[PDB]
Amino acid sequence: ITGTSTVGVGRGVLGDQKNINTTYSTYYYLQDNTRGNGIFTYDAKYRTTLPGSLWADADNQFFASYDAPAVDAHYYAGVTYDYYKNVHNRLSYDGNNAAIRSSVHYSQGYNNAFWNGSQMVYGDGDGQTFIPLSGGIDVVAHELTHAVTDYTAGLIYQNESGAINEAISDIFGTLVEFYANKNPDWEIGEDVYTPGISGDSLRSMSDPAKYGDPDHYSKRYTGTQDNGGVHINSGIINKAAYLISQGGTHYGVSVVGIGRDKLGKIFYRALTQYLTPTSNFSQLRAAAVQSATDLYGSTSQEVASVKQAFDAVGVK
Ligand SMILES: CC[C@H](C)[C@H](NC(=O)[C@H](CC(C)C)NP(=O)(O)CNC(=O)OCc1ccccc1)C(=O)O
Ligand SMILES: [Ca+2]
Ligand SMILES: [Ca+2]
Ligand SMILES: [Ca+2]
Ligand SMILES: [Ca+2]
Ligand SMILES: [Zn+2]
């Protein structure tokens, strides 16, 4: 909407206070004009019609319990935009500052979040399995990264390409979590998963097997559930990414870590210059090796470490 840029204040899902960019025209709307062509946050009102209504507030204060998921979706979309712009020189998900839209309060007791082809969508969770999912910065960045993937590599959402698609979202979700630097880790969704259980998460990149996911190609799932295991086989690639960044010895194969920043550069380049809609794991290895070669040289430690990591997870 047309109005003047303002700054509201509120509390997120975890009870933390933060400032948010809003727009004033009669009401204060969750519309951040400071980033690209805007970040817009909508109320789905417990229903499934999307996007719902652009979030409107009378006083620019967002401290109500109902406000919390909107505050976080809006704010973390901002952080994710900043990461892509500042770190990778990418302007929004399409590279041309496309408007970023999110809806919160989607459905009732909805234990998931997704990119629907056009926008991000967040359930509130059922209160036991999840609290409102926009409370997780890794979750928000995971979702926006699906949009980035769809506009770039276009990885088909099934089987190996789909598992790469998922891993890319977990990798950048995690790198954005580190970028924000609040309780960062290599786990996925820990901030919003199972409020009654401390120390768990949906997936682990450092040890995918902790939550039953494969950490070696020999353990890949080849059934039909979960689009051919896209959230399961992602563990194999997540493990490789973790090893590239942090190093370690995995099934006897030692990897020299090169750090998060280089992991991000290598995978961002692979995603945007080499991967295609049908890339499989072997092709990702080749794309990552080539990306590291472009950035650091064929004889570099970085290239050697990428090879070691894929060797460690059984991908040739
Ligand atoms: C409990 C939910 C699982 C952890 C898992 N979901 C996830 O891992 C994440 C959310 C976490 C980061 C919190 N959601 P996602 O974006 O991967 C769900 N994906 C999805 O719904 O894709 C199907 C689709 C939906 C709309 C249009 C095209 C394709 C799943 O859907 O299996
Ligand atoms: Ca208010
Ligand atoms: Ca964390
Ligand atoms: Ca995390
Ligand atoms: Ca928990
Ligand atoms: Zn996903």
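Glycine gets a Cβ as well: all are built from the backbone with ideal geometry, and neighbour counts include every protein chain shown. Since every read-out is calculated from the coordinates, none of them should be taken as a lab result.
Under a Cβ-Cβ cut-off of 15 Å, what is the net charge of the residues other than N181 that fall near it, where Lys and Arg count +1 and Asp and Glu count -1? Mind showing how you got there, number by number?
Working: positive: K18, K182, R260; negative: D16, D82, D138, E177, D185, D191, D261.
So the environment of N181 carries a net charge of -4.
If you put +1 on each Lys and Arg Cβ and -1 on each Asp and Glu Cβ, how big is the dipole of the chain around its Cα centre, in Debye rounded to 20?
Numbers: 21 positive and 31 negative charges, 154 e Å.
Computed charge dipole of the chain: roughly 740 debye.
Tell me the net charge near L91. Cut-off is 10 Å between Cβ atoms, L91 excluded, with +1 for each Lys or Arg and -1 for each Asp or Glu.
That works out to +2.
Relative to the present Cα-Cα distance, how much length would full extension add between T224 and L14 at 0.36 nm per residue of separation?
Gain on extension, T224 to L14, equals 72.0 nm.
Would you compute, from DSSP H runs of 4+ residues alone, the mean residue ellipticity of the chain at 222 nm, taking -39500 (n - 2.57) per run and dividing by the full residue count, rounded to the nearest 500?
Working: 8 runs with 114 residues, N = 316.
Theoretical 222 nm ellipticity from helices: -11500 deg cm²/dmol.
What order do you get for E143, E302 when you list them from fewest to most C-beta neighbours inside 10 Å?
With the fewest neighbours first, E143, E302 line up as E302, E143.
What ranking of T249, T2 emerges when the number of other C-beta atoms within 10 Å of each C-beta is taken as an exposure proxy, fewest first? Provide the component values of the computation, followed by the final result.
Details: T249 11, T2 6.
Ranked by crowding around the Cβ, least crowded first: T2, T249.
Could you tell me the ratio Rg/Rh of segment 144-208? Both radii from Cα atoms, Rh via Kirkwood.
Reported Rg/Rh (Cα atoms, Kirkwood Rh): 1.02.
With N set to the number of residues, divide the alpha-carbon radius of gyration of segment 6-154 by 2.2 N^0.38 Å and report two decimals.
Compared with the compact-globule rule of thumb, segment 6-154 sits at 0.96.
Rounded to the nearest angstrom and ordered from largest down, what semi-axes does the equivalent ellipsoid of the chain get from its C-alpha gyration tensor (root of 5λ)?
34, 21, 17
Would you mind putting 303-313, 176-186 in packing order, based on average other-beta-carbon counts within 10 Å, highest first?
Put in order of decreasing packing, that is 303-313, 176-186.
Could you point to the residue in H142, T80, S206 farthest towards the positive end of segment 75-214's charge dipole, with +1 and -1 charges on the Cβ of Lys/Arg and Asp/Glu respectively?
Of the options given, the answer is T80.
Report the antiparallel proportion of the DSSP beta bridges in the chain as a percent, rounded to a multiple of 5. Could the numbers behind the result be given before it?
On the way: 26 of 36 bridges.
The antiparallel fraction comes to roughly 70 percent.
For a Förster distance of 45 Å, can you work out the FRET efficiency between the beta-carbons of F114 and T299, rounded to the nearest 0.05?
Result of the calculation: an efficiency of 0.60.
Nearest 5 is fine: what % of DSSP beta bridges in segment 6-154 come out antiparallel, could you say? Please report the intermediate quantities before stating the final value.
Numbers: 18 of 28 bridges.
Around 65 percent of the beta bridges assigned by DSSP in segment 6-154 are antiparallel ones.
Would you mind pulling out the separation of the Cα centroids of segment 1-23 and segment 247-316, in Å?
Each part's Cα centre sits 39 Å from the other's.
Out of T278, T299, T49, any idea which swings most in a Gaussian network model of the chain, alpha carbons joined below 10 Å?
Answer for the Gaussian network model of the chain: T299.
Summing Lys, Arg as +1 and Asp, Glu as -1, what charge do residues with Cβ under 12 Å from the Cβ of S102 carry, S102 excluded?
Counting the neighbours of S102, the net charge comes to -3.
Rounded to two decimal places and with Rh computed the Kirkwood way over Cα pairs, what is Rg over Rh for segment 155-315? Please list the in-between numbers first.
On the way: Rg = 14.8 Å, Rh = 15.6 Å.
A ratio of 0.95.
For the residues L243, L202, what sequence is obtained by ranking on other C-beta atoms within 10 Å, fewest first?
Final ranking by Cβ density, sparse to dense: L202, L243.
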